[PDB]
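Protein chains in written order, with the authors' numbering: chain B, 116 to 278; chain B', 116 to 278; chain A, 10 to 374; chain A', 10 to 374. A prime marks a further copy of an entry chain. A quick write-up on the structure given underneath.
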Amino acid sequence: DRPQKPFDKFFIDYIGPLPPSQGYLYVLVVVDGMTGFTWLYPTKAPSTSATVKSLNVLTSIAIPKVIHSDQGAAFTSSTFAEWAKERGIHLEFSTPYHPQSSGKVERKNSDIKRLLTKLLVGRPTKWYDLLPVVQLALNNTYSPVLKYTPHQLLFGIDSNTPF
Amino acid sequence: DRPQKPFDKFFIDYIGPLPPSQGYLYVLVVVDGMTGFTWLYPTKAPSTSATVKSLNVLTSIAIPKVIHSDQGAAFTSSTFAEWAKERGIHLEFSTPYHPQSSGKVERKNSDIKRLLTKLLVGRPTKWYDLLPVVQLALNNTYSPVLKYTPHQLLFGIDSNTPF
Amino acid sequence: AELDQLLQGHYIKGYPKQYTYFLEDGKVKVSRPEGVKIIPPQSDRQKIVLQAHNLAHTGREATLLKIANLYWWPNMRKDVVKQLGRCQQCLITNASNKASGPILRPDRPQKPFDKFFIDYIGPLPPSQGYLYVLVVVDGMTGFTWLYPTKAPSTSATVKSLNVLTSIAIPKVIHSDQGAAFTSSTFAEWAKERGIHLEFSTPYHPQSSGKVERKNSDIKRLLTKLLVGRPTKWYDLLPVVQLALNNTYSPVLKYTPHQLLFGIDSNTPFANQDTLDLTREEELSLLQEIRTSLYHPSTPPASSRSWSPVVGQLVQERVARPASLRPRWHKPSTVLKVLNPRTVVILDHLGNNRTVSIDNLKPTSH
Amino acid sequence: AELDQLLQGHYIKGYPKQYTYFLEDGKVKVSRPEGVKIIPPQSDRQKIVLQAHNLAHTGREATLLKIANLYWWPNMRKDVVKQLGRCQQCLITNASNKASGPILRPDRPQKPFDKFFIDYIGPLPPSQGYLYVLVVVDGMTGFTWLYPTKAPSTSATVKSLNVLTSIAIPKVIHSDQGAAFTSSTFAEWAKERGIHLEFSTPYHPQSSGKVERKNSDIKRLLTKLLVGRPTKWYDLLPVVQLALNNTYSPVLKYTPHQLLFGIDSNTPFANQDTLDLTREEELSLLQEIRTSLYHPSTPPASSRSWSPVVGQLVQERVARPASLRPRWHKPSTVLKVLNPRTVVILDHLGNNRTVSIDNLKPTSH
DNA sequence: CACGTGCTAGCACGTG
DNA sequence: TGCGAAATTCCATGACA
DNA sequence: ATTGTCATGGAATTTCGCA
DNA sequence: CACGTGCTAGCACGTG
DNA sequence: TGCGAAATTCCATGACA
DNA sequence: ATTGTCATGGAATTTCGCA
Ligand SMILES: [Zn+2]
Ligand SMILES: [Zn+2]
Numbered sequence: 116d117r118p119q120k121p122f123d124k125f126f127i128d129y130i131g132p133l134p135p136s137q138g139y140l141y142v143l144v145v146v147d148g149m150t151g152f153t154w155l156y157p158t159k160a161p162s163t164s165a166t167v168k169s170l171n172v173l174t175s176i177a178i179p180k181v182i183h184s185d186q187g188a189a190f191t192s193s194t195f196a197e198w199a200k201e202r203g204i205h206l207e208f209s210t211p212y213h214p215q216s217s218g219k220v221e222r223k224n225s226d227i228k229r230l231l232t233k234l235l236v237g238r239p240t241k242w243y244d245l246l247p248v249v250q251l252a253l254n255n256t257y258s259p260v261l262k263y264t265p266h267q268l269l270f271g272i273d274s275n276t277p278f
Numbered sequence: 116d117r118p119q120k121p122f123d124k125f126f127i128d129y130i131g132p133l134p135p136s137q138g139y140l141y142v143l144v145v146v147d148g149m150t151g152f153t154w155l156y157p158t159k160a161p162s163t164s165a166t167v168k169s170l171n172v173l174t175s176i177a178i179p180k181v182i183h184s185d186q187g188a189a190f191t192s193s194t195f196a197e198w199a200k201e202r203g204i205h206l207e208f209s210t211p212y213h214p215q216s217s218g219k220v221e222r223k224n225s226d227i228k229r230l231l232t233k234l235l236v237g238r239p240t241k242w243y244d245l246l247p248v249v250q251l252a253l254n255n256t257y258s259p260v261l262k263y264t265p266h267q268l269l270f271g272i273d274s275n276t277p278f
Numbered sequence: 010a011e012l013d014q015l016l017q018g019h020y021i022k023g024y025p026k027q028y029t030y031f032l033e034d035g036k037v038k039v040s041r042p043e044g045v046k047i048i049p050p051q052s053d054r055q056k057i058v059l060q061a062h063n064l065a066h067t068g069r070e071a072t073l074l075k076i077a078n079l080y081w082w083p084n085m086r087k088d089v090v091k092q093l094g095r096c097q098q099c100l101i102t103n104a105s106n107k108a109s110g111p112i113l114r115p116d117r118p119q120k121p122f123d124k125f126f127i128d129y130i131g132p133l134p135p136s137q138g139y140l141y142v143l144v145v146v147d148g149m150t151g152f153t154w155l156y157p158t159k160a161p162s163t164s165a166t167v168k169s170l171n172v173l174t175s176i177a178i179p180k181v182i183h184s185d186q187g188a189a190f191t192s193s194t195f196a197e198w199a200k201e202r203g204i205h206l207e208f209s210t211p212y213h214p215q216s217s218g219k220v221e222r223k224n225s226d227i228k229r230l231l232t233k234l235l236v237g238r239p240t241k242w243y244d245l246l247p248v249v250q251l252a253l254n255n256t257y258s259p260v261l262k263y264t265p266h267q268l269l270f271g272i273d274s275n276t277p278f279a280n281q282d283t284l285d286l287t288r289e290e291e292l293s294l295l296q297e298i299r300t301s302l303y304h305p306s307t308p309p310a311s312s313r314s315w316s317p318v319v320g321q322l323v324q325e326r327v328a329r330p331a332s333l334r335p336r337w338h339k340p341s342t343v344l345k346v347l348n349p350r351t352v353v354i355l356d357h358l359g360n361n362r363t364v365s366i367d368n369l370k371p372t373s374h
Numbered sequence: 010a011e012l013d014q015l016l017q018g019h020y021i022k023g024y025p026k027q028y029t030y031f032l033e034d035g036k037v038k039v040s041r042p043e044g045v046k047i048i049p050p051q052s053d054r055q056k057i058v059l060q061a062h063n064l065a066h067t068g069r070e071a072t073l074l075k076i077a078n079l080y081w082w083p084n085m086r087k088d089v090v091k092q093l094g095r096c097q098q099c100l101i102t103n104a105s106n107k108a109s110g111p112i113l114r115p116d117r118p119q120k121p122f123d124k125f126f127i128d129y130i131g132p133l134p135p136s137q138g139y140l141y142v143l144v145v146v147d148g149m150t151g152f153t154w155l156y157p158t159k160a161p162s163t164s165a166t167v168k169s170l171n172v173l174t175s176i177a178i179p180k181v182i183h184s185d186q187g188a189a190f191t192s193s194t195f196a197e198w199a200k201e202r203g204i205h206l207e208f209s210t211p212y213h214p215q216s217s218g219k220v221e222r223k224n225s226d227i228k229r230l231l232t233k234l235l236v237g238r239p240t241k242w243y244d245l246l247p248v249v250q251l252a253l254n255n256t257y258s259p260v261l262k263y264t265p266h267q268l269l270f271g272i273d274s275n276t277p278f279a280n281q282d283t284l285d286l287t288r289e290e291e292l293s294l295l296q297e298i299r300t301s302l303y304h305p306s307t308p309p310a311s312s313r314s315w316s317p318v319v320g321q322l323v324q325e326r327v328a329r330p331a332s333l334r335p336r337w338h339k340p341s342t343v344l345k346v347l348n349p350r351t352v353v354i355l356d357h358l359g360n361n362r363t364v365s366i367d368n369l370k371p372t373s374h
C-alpha cells in the first residue's frame with residue numbers, strides 16, 4: 116500500500132540462555148522494522164514479567180503500531196496480550212517453526228546473534244557491561260540496501276560516534 | 116540672647132523613697148526646659164547606675180544641649196560627668212540648698228510632686244503601673260502662661276488623648 | 010450522523026461549501042488544505058476534546074493541535090476553551106498570565122501619631138539572649154522606635170508599647186496579621202487605650218511596606234556597623250534608632266526627627282536654620298512642611314493586567330502549598346471591591362476573606 | 010587657615026565673590042542664601058565628611074545634607090563621593106541601582122544530540138524509596154528523559170546516562186555545577202565516552218534554563234495528575250515523559266518527538282501528514298524544519314543597566330551570606346569578557362571565577 | 001495537639 | 001543677556017518582607 | 001473589614017557665577 | 001570534619 | 001473586489017531554579 | 001573557561017467564506 120516508516124513494526128525475540136553476567140541470562144532484541152534500529156534489554160528470564168519491564172522503558176520513548184514475534188511463551192501469554200491491547204499495539208505472530216521477516220530484519224537479527232557471540236569469547240563471561248557498546252555499533256553499522264545507518268534513518272543526522 | 120527652644124535644657128531630679136512598688140522606690144524626673152514636657156523613669160535607687168540606664172532610653176529619642184540638676188550624689192559623680200561629656204551634654208548645677216529653675220519648671224516639678232502623691236494614697240502602694248498615665252496627664256495638662264500643652268509645644272499638634 | 014445532510018449536499022450553518030464532505034470506513038470525512046480530516050457528530054466532540062486535553066492537560070493551542078492531527082469541525086477552539094473552563098486540575102495548577110493592577114500609594118498619614126506601623130524583625134543572632142526586634146514606625150514622620158524582645162509575643166509587644174505610649178497615644182496601629190498582633194490580648198490592650206487596630210491582608214507584606222522598608226535601613230546599618238565584629242546587636246539598637254530617625258530622606262529634604270519636632274536635638278551636625286524664630290513661629294512652619302511633602306502617585310497599569318469586578322470568578326494563592334500540590338484554591342467569587350487592589354471574597358471554607366489582588370488570579374474562561 | 014586670602018578680599022579659584030567671607034569665634038565663615046556656614050581648611054574637610062557619613066553610613070545626598078547644616082565649601086559632593094568610594098562597609102553592603110545587561114538568547118543547538126541539558130529535581134515525596142529525578146533535555150528538539158534516583162550522586166547519574174547513551178552519544182553535556190556533576194568521576198565517565206562537559210556559571214540557574222523550564226512542565230503535569238491522590242509519582246514518570254515529549258510547543262508548531270523523528274510513533278492523536286512521502290522524502294523535510302525554527306532575539310536593554318569592560322571594578326554577590334552580614338564581597342577586577350553577560354574575574358581568594366553579570370554589581374565611584 | 005500566619009533555617013553531594 | 005560649570009533634582013532598581 | 005516604600009548614584013536638568 | 005554548590009525544609013506564636 | 005466572522009499569531013507574565 | 005526558557009490565554013491581527 117503506502118511507504119514503510121519507523122515505529123510501524125517492532126520485531127522482538129529473546130536470546131539465551133547465556134553465561135551468567137550478573138544474573139542476566141537472556142537478552143531481549145527489539146528491531147525497528149524499517150530503519151533496522153536495535154534496542155537490547157538484558158533480562159533474567161524470557162518471561163512476560165521481564166518482557167514488560169523492558170518494553171515499558173522502550174514504549175516510554177516511542178510506541179510501535181505492531182509488535183511481531185515467534186510464538187515463544189512470553190510473547191503468547193494473556194498478560195502480554197493485555198499489556199499490548201492497553202497501548203493499541205497490534206500483535207502479529209510468525210507461524211510456528213517457519214520464522215518471518217523482511218530482508219533487513221533477518222540479517223540484523225543475525226548481525227546481533229553473531230556480534231553478541233564474538234564478544235562472548237573475545238571478552239568472556241562479563242558481557243552485561245558491554246551491551247550498550249554493542250547496541251551503538253549495531254545502530255551505527257552501515258546498510259548496503261539503503262546506503263544509511265539505523266542512527267541516520269531514525270534521527271536523520273549523523274551519529275556522533277560513527278562506525 | 117536668642118529665643119528659647121526644646122532640647123535646650125533638661126531639668127532632672129529624683130523623687131523618693133516611695134512605697135516599694137515592685138522594687139521601684141524612686142522616680143527620675145526629666146522636664147524639657149521650654150515645653151515643660153515630662154518623662155518619668157522608675158528606678159530602684161538614686162544612683163548614676165540607674166540614672167544612666169534611664170537617660171539612655173531617653174537620649175536614644177532626643178538629646179539635650181544641657182542637663183541641669185541639684186548636687187545630688189548621682190548627678191555629681193564622675194561616672195555621670197563622663198557619660199555627659201561623651202554625648203556633648205553640658206552639665207549645669209543648682210548651687211547647694213538654693214534650688215534653681217525658670218517659672219515653668221518650678222511649677223511642673225511641683226505638679227508632679229503632688230500629682231504623684233495624690234495617686235499614692237487614692238491608688239495606694241501599686242503606683243509603678245500608673246506612671247505612664249501620670250506622664251500622659253502631665254504632658255497633656257494645659258498651660259496658663261503659654262495657652263498650649265507640652266504635647267502641643269513638643270509635637271506641634273493636638274494630643275490624641277486630651278485632658 | 011445527525012447533521013449529515015452534507016453528504017447529500019445540503020448546507021448547515023458554520024460549515025464551508027467549497028470543500029467536499031464524503032464517507033469512508035463509516036466516518037464522515039472532509040478534504041482540506043491541511044489534509045483529510047474526520048468530522049464527528051456533536052455527541053462525540055466533547056469526549057474527543059477531553060481525550061486530547063487529558064494527554065498532558067495542555068493549554069488552548071497545544072490541545073487543539075493534537076486534535077488538528079485527525080479532526081476538523083466548526084470553531085473547534087470554542088469547544089476546547091469550554092473544556093479548559095471545566096477541567097478542575099488545570100484551573101487549580103496552571104499559573105496566570107495576567108498581572109495585578111497598578112499599586113495604590115496611600116496618602117501619608119496627616120499628623121504624627123495618626124498611624125503606627127509595626128512588625129517584628131527576626132530571629133536574629135542571640136545577643137544577650139534577645140532574638141527579635143519590635144520595630145515601631147510612625148506613619149507621617151517616619152520616626153522609628155526599636156525594642157529588643159526575647160520572642161514575638163503579645164506578652165512582650167505590650168511591654169514595649171507601654172514604654173512607647175508614655176510619650177503619646179496613636180489613633181491607629183497597623184500590622185501584619187502576625188500571631189502576637191491578632192491575639193485577643195492585644196485587642197484588649199488596644200481597646201483599653203482606645204486605639205483602632207487595622208490589619209494588612211494576609212501574605213502581602215507590601216501592606217506593611219512602611220515598616221518593612223524601615224526594617225531594611227535597620228538591617229543595613231546594623232550590618233555596616235557589625236563588619237569584622239561578631240554580631241552583638243543588642244547594644245547597637247539605641248545607636249541605630251537615633252541615627253536613623255536623624256538621617257535625611259533626600260526626596261523629602263527632612264529627617265524623621267525634624268518632621269516630628271521642628272528642630273534637631275543635640276545630635277552631630279545639628280541644623281539651626283530655624284534658630285531665630287520663636288518656638289511659635291517655628292511650630293507653625295512645621296504645620297506647613299507636613300502639608301506640602303512630596304508624594305508619589307500610582308504608576309501606569311501593565312499592558313496585560315486585570316482589575317476585580319463584583320461577582321467575578323477568582324482564585325486564591327494557596328497559603329503554603331505542599332510539594333507537588335497545586336498552587337491555587339478552588340475558584341471563588343468577588344463580593345466587595347474595597348479598592349482597585351483589595352477584595353473581599355466568598356472564601357473556599359467558605360468564609361469572608363479580605364485578600365490582596367496579588368494573591369489572586371482571575372479564573373480563566 | 011591657608012587659603013585665607015579671602016579674608017583680605019583676594020580671589021581663590023572655585024570660590025564665588027558676591028558673598029562676604031568674615032571671621033567669628035576663630036573660624037572662617039560665609040554668608041549664604043541658605044544661612045551662615047563655616048568653611049574649614051582643606052586639611053579639616055576629609056575628616057568632617059567622614060564624621061558626617063559615619064553617622065548612618067549614608068549615601069551621597071543624605072551625607073551632604075548633614076554637612077549642609079553647618080558648612081559650605083567648593084563642590085562638597087566631590088569630597089563626599091571620594092569618601093563613599095573609600096568606605097569599605099558601604100561598598101560591601103549597599104545594594105546596586107544598576108540592572109544587568111539584557112539577556113542573550115543562545116542559538117538553539119543545530120542537530121539533535123549536539124547539546125544535552127541536565128539537572129536534578131528534588132528531594133520529592135518518597136515514592137518507592139526514590140527521592141529525586143534526573144531530567145535530561147536535548148537541546149535542539151527538547152526531547153526529555155526522566156530517571157528516578159535515590160539521591161543526586163555521580164554514582165546514580167552515571168547509571169541513568171548509560172541506559173540513555175545506548176540510543177546515541179551527545180557532543181556536549183551542560184549542567185549546573187551540582188556536586189555530582191562537577192565530580193572527577195563524572196569527568197572520567199564523560200572523557201571515556203568522549204563528551205565535553207560544559208558548566209553553567211555558579212548561582213545562575215537561567216544558564217540551565219532549558220532543563221529548569223522543562224522541570225516546570227514536569228512538576229506541573231505531575232501535580233495535575235496527582236490531585237486528590239497521595240503523591241506517588243514513581244509510576245508516573247513514564248506517563249509524564251511520553252506525554253511531554255509528545256506535546257506541541259505552540260510557537261514551534263512541533264512536538265519534541267517530531268523534531269527528533271519526523272513522524273509520531275503510536276501515540277494518541279497521531280499526525281500522519283507525512284504519510285505518503287518515502288522515509289527519504291520525509292527525513293529531508295525534517296532537515297528543513299530544524300533550520301527554520303522560530304528563535305527569539307535579546308530584549309532591549311534597561312534604561313539603567315551596565316555592561317562589563319575589562320579592568321573595571323566589580324563585586325560578587327556573596328554565596329550564602331550570613332544573618333546581618335554584607336551581601337557583597339570585597340571589590341575586584343574584570344580580566345576576560347566572555348560575552349556581554351559572562352565575565353572572568355580576579356576572584357577575592359584570589360582565583361579565577363567565571364561568573365554571570367547577574368551575580369555582579371559595578372563598584373560605585 | 002493540628003491550623004493560620006510571619007520569619008530563617010536545613011540537608012544533599014563530592015572533595016580537600 | 002548667554003555661556004560653561006556647578007549644583008541640585010530625577011528616577012529605576014533593589015531589599016524589606 | 002483595606003491600600004507598598006525609600007535609600008541610592010549615574011543621568012538628566014535646572015540654577016549660578018560671571019560677563 | 002568544614003566549604004562550595006544545588007535543593008526544601010524548619011520554627012515562631014496564639015487559638016481552637 | 002470588500003466586508004463580517006473565524007482562525008491563527010502575537011506576546012508578557014509567570015515558574016523553573 | 002560561557003550564554004534563560006516556553007506553556008499560556010486574552011488581545012491584536014492576518015486569513016476565509018462568501019458575494
Ligand atoms: Zn486539565
Ligand atoms: Zn559607609
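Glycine included, C-beta positions come from ideal geometry on N, C-alpha and C.
May I have the straight-line CA-CA distance separating B/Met149 from A'/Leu251, to the nearest angstrom?
Approximately 22 Å, taken between the alpha carbons.
If you measure from the CB of A'/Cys99, is any heavy atom of ligand 2 nearer than 7 Å?
Correct: A'/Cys99 has its Cβ closer than 7 Å to ligand 2.
Please say whether A/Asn275 and B'/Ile204 have beta carbons closer to each other than 8 Å?
Cβ atoms of B'/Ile204 and A/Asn275: closer than 8 Å.
Please go through the same chain and pick out, in chain order, the residues whose beta-carbon is closer than 7 Å to the beta-carbon of A/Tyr243, but skip the five residues on each side of it.
The residues are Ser136, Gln137, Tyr139, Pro157.
With a 10 Å radius around its C-beta and 16 neighbouring C-beta atoms as the bar for buried, classify A/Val352 as buried or exposed.
Burial is judged here by how many other beta carbons sit within 10 angstroms of a residue's own beta carbon; A/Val352 has at least 16 and is buried.
Give the residues of chain A in contact with A'/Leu253, contact being defined as C-beta atoms less than 9 Å apart.
Going along chain A in sequence order, the residues near A'/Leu253 (Cβ under 9 Å) are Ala65.
Helix, strand or coil at A/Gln119 [DSSP, three-state]:
Note: A/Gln119 maps to coil in three-state DSSP.
Give every residue of the same chain whose Cβ lies closer than 8 Å to the Cβ of A'/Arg41, excluding the five residues on either side of it in the sequence, and list them in chain order.
Within the same chain, Cβ atoms closer than 8 Å to the Cβ of A'/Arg41 are found at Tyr28, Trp81, the five residues on either side in sequence being excluded.
Span of the alpha helix (DSSP H) holding A/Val220?
That run of the alpha helix (DSSP H) goes 218-234.
Below 8 Å CB to CB, which residues in the same chain sit around residue 298 of chain B once its five sequence neighbours on both sides are set aside?
Nothing can be reported for residue 298 of chain B, as the shown portion of chain B is limited to 116 through 278.
B/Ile130 at chain A' interface by Cβ criterion, 8 Å:
Under the Cβ criterion of 8 Å, B/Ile130 is not counted among the residues facing chain A'.
Reference A/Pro309; option with closest CA among A/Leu155, A/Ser109, A/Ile127
Comparing Cα positions, the closest option is A/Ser109.
Could you tell me the boundaries of the alpha helix (DSSP H) in which A/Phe195 lies?
Run containing A/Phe195: 193-201, per the alpha helix (DSSP H) assignment.
With a floor of 3 residues, list each beta strand (DSSP E) that falls wholly inside the region 144-174 of chain A', ordered by position along the chain.
Fully enclosed beta strand (DSSP E) runs of 3 or longer: 153-158.
Three-pair Cβ contact test at 8 Å for the region 279-288 of chain A' versus the region 177-189 of chain A'
Taking one beta carbon from each stretch, the region 279-288 of chain A' and the region 177-189 of chain A' have fewer than 3 pairs nearer than 8 Å; the two do not touch.
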